[PDB]
Amino acid sequence: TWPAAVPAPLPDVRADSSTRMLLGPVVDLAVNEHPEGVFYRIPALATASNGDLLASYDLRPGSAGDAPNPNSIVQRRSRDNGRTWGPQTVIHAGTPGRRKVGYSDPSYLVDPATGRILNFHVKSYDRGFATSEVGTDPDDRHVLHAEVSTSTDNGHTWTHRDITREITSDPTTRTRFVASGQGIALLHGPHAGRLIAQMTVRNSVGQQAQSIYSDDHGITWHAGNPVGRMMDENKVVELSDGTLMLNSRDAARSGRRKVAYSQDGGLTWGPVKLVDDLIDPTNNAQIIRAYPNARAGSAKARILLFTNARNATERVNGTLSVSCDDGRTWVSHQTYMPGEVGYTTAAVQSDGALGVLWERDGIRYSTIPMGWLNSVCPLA
Ligand SMILES: CC(=O)N[C@H]1[C@H]([C@H](O)[C@H](O)CO)OC(C(=O)O)=C[C@@H]1O
Numbered sequence: 081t082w083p084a085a086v087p088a089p090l091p092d093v094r095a096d097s098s099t100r101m102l103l104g105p106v107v108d109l110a111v112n113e114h115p116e117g118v119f120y121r122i123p124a125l126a127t128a129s130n131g132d133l134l135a136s137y138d139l140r141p142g143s144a145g146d147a148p149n150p151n152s153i154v155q156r157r158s159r160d161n162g163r164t165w166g167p168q169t170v171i172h173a174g175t176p177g178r179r180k181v182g183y184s185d186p187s188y189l190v191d192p193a194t195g196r197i198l199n200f201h202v203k204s205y206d207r208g209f210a211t212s213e214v215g216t217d218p219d220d221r222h223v224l225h226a227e228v229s230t231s232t233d234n235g236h237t238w239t240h241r242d243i244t245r246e247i248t249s250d251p252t253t254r255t256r257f258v259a260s261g262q263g264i265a266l267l268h269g270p271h272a273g274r275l276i277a278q279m280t281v282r283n284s285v286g287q288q289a290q291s292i293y294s295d296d297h298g299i300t301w302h303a304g305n306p307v308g309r310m311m312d313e314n315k316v317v318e319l320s321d322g323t324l325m326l327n328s329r330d331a332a333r334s335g336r337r338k339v340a341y342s343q344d345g346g347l348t349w350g351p352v353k354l355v356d357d358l359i360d361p362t363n364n365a366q367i368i369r370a371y372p373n374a375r376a377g378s379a380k381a382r383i384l385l386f387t388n389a390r391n392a393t394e395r396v397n398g399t400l401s402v403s404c405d406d407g408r409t410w411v412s413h414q415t416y417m418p419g420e421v422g423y424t425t426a427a428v429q430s431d432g433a434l435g436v437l438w439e440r441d442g443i444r445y446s447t448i449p450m451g452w453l454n455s456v457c458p459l460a
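Residue numbering for the sequence shown follows PDB author numbering, starting at 81 and increasing by one per position.
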């Protein structure tokens, strides 16, 4: 039986001997048709409190179908910053058939204050995101449910529970999913300690972005006020002063990401605008702090990293973009993976390099050493 996780700070980026951004070796974490008729999609990557690197993704049986295909959440672990990977383990396995159950679209949320790791994902019965109906009864086969899996042992074992009712304060909310990739723990400002992740919802107003957050270190979850129209998978990041930012996929296909700001820890958001700098084909993406422990007023606290498919209509050219100024401008875009990438995510690793995952005939992993960062955002 594995030991209890202990509290430990999230990693910050560290300087390498590199002077240019160069992808390391590519690792095939899961390959479609290995085994026959099984497909892999929807990546999540995190550094656990013990420094292990954890990758999660869907196992999709039969085809790469979204919910309500009876998918499973699975995981692989590296204890050497991505050089080698243990065998796949199951976070929560779906069930085929007339009473099918599916677990799909994982995101991790690591709480450095406790060491606990959360993995959010849908729980489906007969309906997916688009066809789910109003209702929150846990056995309702017409509802797309929200589950969170908790691990207290750095991701070796999991316990599961349905959070749909507690995050549904508006009874017209007919569907929801937490965006795959990773949520955050807040470290700065009045809401330090809060754990927060973003969802997409449909309700009487439209298709909105909505934060869910916990102030008791993941025992109970509450939804903030929803925001925006034609929103979709969106990710939240804590800026240098503790203002939050959400960066969203645009369901209206503008060819750009969308952005909004919260001054109250995700309870309310302001107006949603396009980010003209961030070309995107209506696809998932991940934004993170490079130095999440750095304090307000430091240059390091203002540096954000963003991964997506930098293209207006096709999910190609996995690209790392850097902002030095709390997301106000994006001064550097560099494609680390030409061609098909689908969903990407990135996470700071324990060694201070960046891990990336993308989708091409399954899930692929690589590393970007980060010594070149100071040449784009001076660090002093
Ligand atoms: C829960 C769920 O359906 N997630 C799916 C998501 C969603 O349907 C869309 O973001 C809504 O607009 O889309 C995609 C996609 O490749 O585009 C795959 C995700 O599995």
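Backbone N, C-alpha and C fix where the C-beta goes; we use that ideal spot for every residue, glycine too.
Is it right to say residue i is buried, meaning 16 or more other beta carbons lie within 10 angstroms of its own, or is it exposed?
i       : result
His-114 : exposed
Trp-82  : exposed
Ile-299 : exposed
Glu-394 : exposed
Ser-455 : exposed
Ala-272 : exposed
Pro-251 : exposed
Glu-213 : exposed
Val-402 : buried
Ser-249 : exposed
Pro-449 : buried
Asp-344 : exposed
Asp-217 : exposed
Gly-377 : exposed
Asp-321 : exposed
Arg-163 : exposed
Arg-333 : exposed
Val-411 : exposed
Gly-177 : exposed
In angstroms with no decimal places, state the Cα-to-Cα distance between residue i and residue j.
i           : j       : result
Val-86      : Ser-294 : 19 Å
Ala-374     : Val-107 : 31 Å
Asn-397     : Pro-91  : 27 Å
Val-111     : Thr-387 : 22 Å
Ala-126     : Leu-384 : 16 Å
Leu-459     : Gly-142 : 48 Å
residue 475 : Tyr-205 : There is simply no residue 475 to check, as the chain begins at 81 and stops at 460 in what is shown.
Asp-357     : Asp-219 : 44 Å
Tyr-341     : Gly-422 : 26 Å
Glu-313     : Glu-439 : 16 Å
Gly-308     : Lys-338 : 10 Å
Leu-189     : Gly-263 : 5 Å
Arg-256     : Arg-282 : 7 Å
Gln-288     : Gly-166 : 38 Å
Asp-360     : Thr-447 : 22 Å
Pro-123     : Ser-184 : 11 Å
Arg-94      : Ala-427 : 13 Å
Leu-102     : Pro-418 : 13 Å
So if DSSP puts residue i in a beta bridge, which residue, or which two residues, is it bridged to?
i          : result
residue 64 : Because the chain in this structure spans residues 81 to 460, residue 64 falls outside the shown range and cannot be described.
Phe-386    : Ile-367, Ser-401
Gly-442    : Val-111
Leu-134    : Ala-126, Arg-157
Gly-435    : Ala-427, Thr-447
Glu-227    : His-201, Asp-242
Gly-261    : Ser-187
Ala-392    : Paired residues: none, contrary to the question.
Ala-303    : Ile-292
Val-93     : Looking at the DSSP assignment, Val-93 forms no beta bridge with any residue, so it has no partner.
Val-281    : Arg-256, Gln-288
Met-325    : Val-317, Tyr-341
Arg-179    : Partner(s): none; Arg-179 has no beta bridge.
Should residue i and residue j be called a contact, given that it needs their Cβ atoms to be closer than 8 Å?
i       : j       : result
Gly-117 : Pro-150 : no
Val-170 : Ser-152 : yes
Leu-109 : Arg-156 : yes
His-297 : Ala-193 : yes
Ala-259 : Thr-230 : no
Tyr-120 : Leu-134 : no
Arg-336 : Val-355 : yes
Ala-88  : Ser-136 : no
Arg-369 : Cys-404 : no
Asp-431 : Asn-161 : yes
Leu-400 : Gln-414 : yes
Locate the beta strand (DSSP E) running through residue i, then write down its first and last residues.
i       : result
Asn-314 : 314-318
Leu-453 : From DSSP, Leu-453 is part of no beta strand (DSSP E) but of the alpha helix (DSSP H) over 453-456.
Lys-338 : 336-342
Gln-290 : 287-294
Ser-143 : Counting along the chain, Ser-143 falls outside any beta strand (DSSP E), and DSSP gives it neither H nor E.
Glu-420 : 412-420
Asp-356 : 353-359
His-172 : 169-172
Any heavy atom of ligand 2 closer than 7 Å to the Cβ of residue i?
i       : result
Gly-182 : No copy of ligand 2 occurs in the structure displayed; its ligands are ligand 1 alone.
Within the continuous alpha helix (DSSP H) that includes residue i, where are the two ends?
i      : result
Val-86 : No alpha helix (DSSP H) holds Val-86; DSSP gives it neither H nor E.
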